Amino acid sequence: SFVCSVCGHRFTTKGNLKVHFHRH
Amino acid sequence: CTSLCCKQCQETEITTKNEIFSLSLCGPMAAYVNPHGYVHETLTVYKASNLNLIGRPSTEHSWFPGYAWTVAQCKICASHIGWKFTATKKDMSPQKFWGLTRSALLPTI
Ligand SMILES: O=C1CC[C@H](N2C(=O)c3ccc(O)cc3C2=O)C(=O)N1
Ligand SMILES: [Zn+2]
Ligand SMILES: [Zn+2]
């Protein structure tokens, strides 16, 4: 439900999206 | 060496130069804009190694009409490398390929 704006990776939790996003 | 590697890993081999091909008439590595404005210089290769696929394929916003995309990440460090593209129709050639984003790879193209 939460999607990385950089690559399209989808996440169930907003917290994983945030850690993932800032790894870009 | 012969290969293009994950930049984060420095040495995890993702593909070889022999796998690069031209699908888009813009060439083997053209710039594409995603739906949030991010620009990916995307190198198209027939085969790739050491990648994990994330999730289900999707045709939404696909840069290559007739293909679905699946996010692909380095299996050693989990860095985003690009996407696997899979044909939605059996008559398409190639039936699959990989688009690797330029900033994720070493050496710098
Ligand atoms: O062919 C492709 C590969 C995926 C890529 N993409 C993204 O990078 C992206 C980020 C957030 C989204 O909600 C959707 C996409 C998306 O389709 C894109 O625009 N085209
Ligand atoms: Zn991402
Ligand atoms: Zn890596």
# chains A, B, ... in the order shown; residues from 1 in each chain; ligands from 1
$ interface_residues --of "chain B" --to "chain A" --cutoff "10 Å" --atoms "only C-alpha atoms" --output "VMD selection string"
chain B and resid 34 to 40 54 to 56 58 69 to 73 78 to 83 101 104
$ write_last_selection --atoms "N, CA, C and O atoms" --output "short mmCIF file (atom, residue, chain, number, x, y, z; two decimals), in the first residue's frame"
data_model
loop_
_atom_site.label_atom_id
_atom_site.label_comp_id
_atom_site.auth_asym_id
_atom_site.auth_seq_id
_atom_site.Cartn_x
_atom_site.Cartn_y
_atom_site.Cartn_z
N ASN B 34 10.02 8.18 -14.25
CA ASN B 34 9.00 7.42 -13.53
C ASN B 34 7.87 8.35 -13.10
O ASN B 34 7.94 9.57 -13.29
N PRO B 35 6.77 7.81 -12.56
CA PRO B 35 5.59 8.66 -12.33
C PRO B 35 5.77 9.70 -11.25
O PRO B 35 4.87 10.54 -11.05
N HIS B 36 6.90 9.68 -10.54
CA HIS B 36 7.21 10.70 -9.55
C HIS B 36 8.33 11.62 -10.00
O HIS B 36 8.84 12.40 -9.19
N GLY B 37 8.71 11.57 -11.28
CA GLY B 37 9.68 12.47 -11.84
C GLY B 37 11.12 12.01 -11.77
O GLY B 37 12.00 12.71 -12.27
N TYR B 38 11.40 10.86 -11.14
CA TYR B 38 12.77 10.38 -11.05
C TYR B 38 13.23 9.85 -12.40
O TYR B 38 12.50 9.11 -13.07
N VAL B 39 14.43 10.24 -12.81
CA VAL B 39 14.99 9.86 -14.11
C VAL B 39 15.91 8.66 -13.90
O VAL B 39 16.80 8.70 -13.04
N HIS B 40 15.68 7.60 -14.66
CA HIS B 40 16.50 6.40 -14.60
C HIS B 40 17.09 6.18 -15.99
O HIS B 40 16.36 5.88 -16.93
N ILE B 54 11.18 -8.55 -6.33
CA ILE B 54 10.29 -8.10 -5.26
C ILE B 54 8.89 -7.98 -5.83
O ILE B 54 8.66 -7.21 -6.77
N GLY B 55 7.95 -8.74 -5.28
CA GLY B 55 6.56 -8.53 -5.65
C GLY B 55 6.19 -9.11 -7.01
O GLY B 55 6.97 -9.80 -7.67
N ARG B 56 4.96 -8.82 -7.40
CA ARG B 56 4.21 -9.22 -8.57
C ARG B 56 4.49 -8.27 -9.73
O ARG B 56 4.67 -7.07 -9.52
N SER B 58 3.92 -5.74 -12.83
CA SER B 58 2.91 -4.72 -13.05
C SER B 58 3.13 -4.07 -14.41
O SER B 58 4.27 -3.84 -14.81
N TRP B 69 6.74 -4.98 -15.34
CA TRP B 69 7.99 -4.81 -14.61
C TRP B 69 7.87 -5.33 -13.19
O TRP B 69 6.81 -5.26 -12.56
N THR B 70 8.99 -5.86 -12.69
CA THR B 70 9.13 -6.31 -11.31
C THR B 70 10.42 -5.72 -10.75
O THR B 70 11.48 -5.84 -11.37
N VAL B 71 10.32 -5.07 -9.58
CA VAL B 71 11.50 -4.48 -8.96
C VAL B 71 12.55 -5.56 -8.71
O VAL B 71 12.23 -6.68 -8.29
N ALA B 72 13.82 -5.23 -8.98
CA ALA B 72 14.94 -6.15 -8.80
C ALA B 72 15.99 -5.50 -7.91
O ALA B 72 16.36 -4.34 -8.13
N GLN B 73 16.47 -6.24 -6.92
CA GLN B 73 17.47 -5.73 -6.00
C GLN B 73 18.62 -6.73 -5.88
O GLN B 73 18.45 -7.93 -6.08
N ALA B 78 20.84 -5.84 -1.01
CA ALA B 78 19.46 -5.36 -1.12
C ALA B 78 19.34 -3.98 -1.75
O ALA B 78 18.26 -3.36 -1.67
N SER B 79 20.39 -3.47 -2.40
CA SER B 79 20.26 -2.19 -3.09
C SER B 79 19.42 -2.36 -4.35
O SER B 79 19.48 -3.39 -5.02
N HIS B 80 18.63 -1.33 -4.67
CA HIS B 80 17.87 -1.36 -5.91
C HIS B 80 18.81 -1.34 -7.11
O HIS B 80 19.68 -0.47 -7.22
N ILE B 81 18.64 -2.30 -8.02
CA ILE B 81 19.45 -2.38 -9.23
C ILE B 81 18.65 -1.99 -10.47
O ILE B 81 19.19 -1.37 -11.39
N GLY B 82 17.38 -2.39 -10.53
CA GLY B 82 16.54 -2.07 -11.67
C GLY B 82 15.24 -2.83 -11.64
O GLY B 82 14.58 -2.91 -10.61
N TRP B 83 14.84 -3.38 -12.79
CA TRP B 83 13.59 -4.11 -12.89
C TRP B 83 13.74 -5.22 -13.91
O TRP B 83 14.50 -5.11 -14.88
N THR B 101 19.42 0.31 -13.69
CA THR B 101 19.56 1.76 -13.61
C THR B 101 21.03 2.12 -13.43
O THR B 101 21.77 1.50 -12.66
N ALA B 104 23.15 2.54 -10.21
CA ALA B 104 23.30 1.38 -9.34
C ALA B 104 24.48 0.49 -9.74
O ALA B 104 24.74 -0.50 -9.04
#
$ residues_around --residues "residue B:107" --least-positions-apart "6" --cutoff "12 Å" --atoms "only C-alpha atoms" --output "VMD selection string"
chain B and resid 1 to 17
$ write_last_selection --atoms "C-alpha atoms" --output "compact mmCIF listing (two decimals), in the first residue's frame"
# COMPACT_ATOMS: atom_id res chain seq x y z
CA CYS B 1 36.47 -7.58 -15.04
CA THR B 2 34.16 -8.59 -17.86
CA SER B 3 31.11 -7.65 -15.83
CA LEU B 4 28.98 -4.82 -14.57
CA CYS B 5 28.64 -4.97 -10.79
CA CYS B 6 26.44 -3.69 -8.00
CA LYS B 7 27.97 -0.33 -7.07
CA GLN B 8 27.18 -0.78 -3.37
CA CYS B 9 28.76 -4.25 -3.28
CA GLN B 10 31.52 -3.04 -5.66
CA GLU B 11 32.14 -6.66 -6.65
CA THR B 12 28.79 -8.49 -6.91
CA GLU B 13 28.44 -9.22 -10.63
CA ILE B 14 25.05 -8.39 -12.15
CA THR B 15 25.52 -8.78 -15.92
CA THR B 16 28.13 -8.84 -18.66
CA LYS B 17 28.68 -6.36 -21.46
$ atom_distance --atom1 "atom CA of residue B:67" --atom2 "atom CA of residue B:44"
12.8 Å
$ residues_around --residues "residue B:41" --least-positions-apart "5" --cutoff "12 Å" --atoms "only C-alpha atoms" --output "PyMOL selection string"
chain B and resi 26-34+63+81-82+99-105+108-109
$ atom_distance --atom1 "atom 7 (C, counted along the ligand's line) of ligand 1" --atom2 "atom CA of residue B:75"
19.7 Å
$ residues_around --residues "residue B:66" --least-positions-apart "6" --cutoff "12 Å" --atoms "only C-alpha atoms" --output "JSON, numbers by chain"
{"B": [58, 59, 60, 85, 86, 87, 88, 89, 90, 91, 92, 93, 94, 95, 96]}
$ select_by_dssp --residues "chain A" --states "alpha helix (DSSP H)" --output "PyMOL selection string"
chain A and resi 14-22
$ atom_distance --atom1 "atom 1 (Zn, counted along the ligand's line) of ligand 2" --atom2 "atom CA of residue B:57"
15.5 Å
$ decode --residues "stretch 7-43 of chain B" --atoms "N, CA, C and O atoms" --output "compact mmCIF listing (two decimals), in the first residue's frame"
# COMPACT_ATOMS: atom_id res chain seq x y z
N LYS B 7 27.06 -1.38 -7.55
CA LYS B 7 27.97 -0.33 -7.07
C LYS B 7 28.16 -0.40 -5.56
O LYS B 7 29.26 -0.17 -5.06
N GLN B 8 27.09 -0.69 -4.82
CA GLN B 8 27.18 -0.78 -3.37
C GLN B 8 28.11 -1.92 -2.95
O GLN B 8 28.99 -1.75 -2.10
N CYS B 9 27.92 -3.10 -3.55
CA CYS B 9 28.76 -4.25 -3.28
C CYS B 9 30.17 -4.06 -3.82
O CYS B 9 31.13 -4.66 -3.30
N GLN B 10 30.31 -3.24 -4.87
CA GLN B 10 31.52 -3.04 -5.66
C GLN B 10 31.88 -4.26 -6.50
O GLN B 10 32.36 -4.11 -7.63
N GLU B 11 31.64 -5.47 -5.98
CA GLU B 11 32.14 -6.66 -6.65
C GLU B 11 31.09 -7.74 -6.94
O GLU B 11 31.43 -8.75 -7.56
N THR B 12 29.83 -7.55 -6.54
CA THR B 12 28.79 -8.49 -6.91
C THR B 12 28.42 -8.30 -8.38
O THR B 12 27.96 -7.22 -8.77
N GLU B 13 28.62 -9.34 -9.19
CA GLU B 13 28.44 -9.22 -10.63
C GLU B 13 26.97 -9.36 -10.99
O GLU B 13 26.30 -10.30 -10.55
N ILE B 14 26.46 -8.42 -11.78
CA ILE B 14 25.05 -8.39 -12.15
C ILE B 14 24.83 -8.83 -13.59
O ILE B 14 23.88 -9.57 -13.87
N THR B 15 25.67 -8.39 -14.52
CA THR B 15 25.52 -8.78 -15.92
C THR B 15 26.87 -8.64 -16.61
O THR B 15 27.86 -8.20 -16.00
N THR B 16 26.92 -9.03 -17.87
CA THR B 16 28.13 -8.84 -18.66
C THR B 16 27.82 -7.95 -19.85
O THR B 16 26.66 -7.79 -20.26
N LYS B 17 28.87 -7.33 -20.38
CA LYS B 17 28.68 -6.36 -21.46
C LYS B 17 28.09 -7.03 -22.69
O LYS B 17 27.40 -6.37 -23.49
N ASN B 18 28.34 -8.33 -22.85
CA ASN B 18 27.80 -9.10 -23.97
C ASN B 18 26.28 -9.21 -23.92
O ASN B 18 25.66 -9.54 -24.94
N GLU B 19 25.66 -8.94 -22.77
CA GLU B 19 24.21 -9.03 -22.63
C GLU B 19 23.49 -7.74 -23.00
O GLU B 19 22.25 -7.75 -23.09
N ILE B 20 24.21 -6.64 -23.22
CA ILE B 20 23.57 -5.38 -23.55
C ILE B 20 22.99 -5.43 -24.96
O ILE B 20 23.62 -5.95 -25.89
N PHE B 21 21.77 -4.92 -25.11
CA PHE B 21 21.13 -4.91 -26.42
C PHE B 21 20.22 -3.70 -26.52
O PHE B 21 19.91 -3.04 -25.52
N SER B 22 19.82 -3.39 -27.75
CA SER B 22 18.94 -2.26 -28.02
C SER B 22 17.53 -2.79 -28.21
O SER B 22 17.26 -3.52 -29.18
N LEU B 23 16.64 -2.45 -27.29
CA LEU B 23 15.22 -2.71 -27.43
C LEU B 23 14.50 -1.44 -27.87
O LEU B 23 13.92 -1.40 -28.96
N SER B 24 14.55 -0.41 -27.04
CA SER B 24 14.02 0.89 -27.42
C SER B 24 14.87 1.48 -28.54
O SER B 24 16.10 1.35 -28.55
N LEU B 25 14.20 2.12 -29.50
CA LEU B 25 14.91 2.79 -30.57
C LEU B 25 15.73 3.97 -30.06
O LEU B 25 16.59 4.48 -30.79
N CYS B 26 15.49 4.41 -28.82
CA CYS B 26 16.36 5.38 -28.18
C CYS B 26 17.72 4.80 -27.82
O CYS B 26 18.65 5.56 -27.53
N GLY B 27 17.85 3.47 -27.83
CA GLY B 27 19.14 2.84 -27.63
C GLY B 27 19.18 1.87 -26.47
O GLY B 27 18.18 1.59 -25.81
N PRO B 28 20.38 1.34 -26.20
CA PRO B 28 20.53 0.36 -25.11
C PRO B 28 20.49 0.99 -23.73
O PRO B 28 20.20 0.28 -22.77
N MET B 29 20.80 2.28 -23.59
CA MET B 29 20.66 2.95 -22.30
C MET B 29 20.09 4.34 -22.55
O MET B 29 20.82 5.26 -22.90
N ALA B 30 18.78 4.47 -22.37
CA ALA B 30 18.10 5.74 -22.55
C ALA B 30 17.57 6.21 -21.20
O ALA B 30 17.49 5.43 -20.25
N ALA B 31 17.23 7.50 -21.12
CA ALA B 31 16.68 8.07 -19.90
C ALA B 31 15.17 7.92 -19.90
O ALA B 31 14.50 8.28 -20.87
N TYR B 32 14.63 7.42 -18.79
CA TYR B 32 13.20 7.25 -18.60
C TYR B 32 12.78 7.95 -17.31
O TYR B 32 13.54 7.98 -16.34
N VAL B 33 11.58 8.52 -17.32
CA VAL B 33 11.04 9.24 -16.18
C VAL B 33 9.94 8.39 -15.55
O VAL B 33 9.01 7.96 -16.24
N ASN B 34 10.02 8.18 -14.25
CA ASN B 34 9.00 7.42 -13.53
C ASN B 34 7.87 8.35 -13.10
O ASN B 34 7.94 9.57 -13.29
N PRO B 35 6.77 7.81 -12.56
CA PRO B 35 5.59 8.66 -12.33
C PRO B 35 5.77 9.70 -11.25
O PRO B 35 4.87 10.54 -11.05
N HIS B 36 6.90 9.68 -10.54
CA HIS B 36 7.21 10.70 -9.55
C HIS B 36 8.33 11.62 -10.00
O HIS B 36 8.84 12.40 -9.19
N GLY B 37 8.71 11.57 -11.28
CA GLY B 37 9.68 12.47 -11.84
C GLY B 37 11.12 12.01 -11.77
O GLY B 37 12.00 12.71 -12.27
N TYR B 38 11.40 10.86 -11.14
CA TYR B 38 12.77 10.38 -11.05
C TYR B 38 13.23 9.85 -12.40
O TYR B 38 12.50 9.11 -13.07
N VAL B 39 14.43 10.24 -12.81
CA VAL B 39 14.99 9.86 -14.11
C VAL B 39 15.91 8.66 -13.90
O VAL B 39 16.80 8.70 -13.04
N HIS B 40 15.68 7.60 -14.66
CA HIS B 40 16.50 6.40 -14.60
C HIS B 40 17.09 6.18 -15.99
O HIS B 40 16.36 5.88 -16.93
N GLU B 41 18.40 6.36 -16.11
CA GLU B 41 19.09 5.90 -17.32
C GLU B 41 19.16 4.38 -17.27
O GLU B 41 19.90 3.81 -16.45
N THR B 42 18.34 3.72 -18.07
CA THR B 42 18.05 2.30 -17.90
C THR B 42 18.71 1.51 -19.02
O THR B 42 18.33 1.65 -20.19
N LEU B 43 19.69 0.70 -18.65
CA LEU B 43 20.44 -0.16 -19.56
C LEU B 43 19.69 -1.48 -19.73
O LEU B 43 19.41 -2.16 -18.74
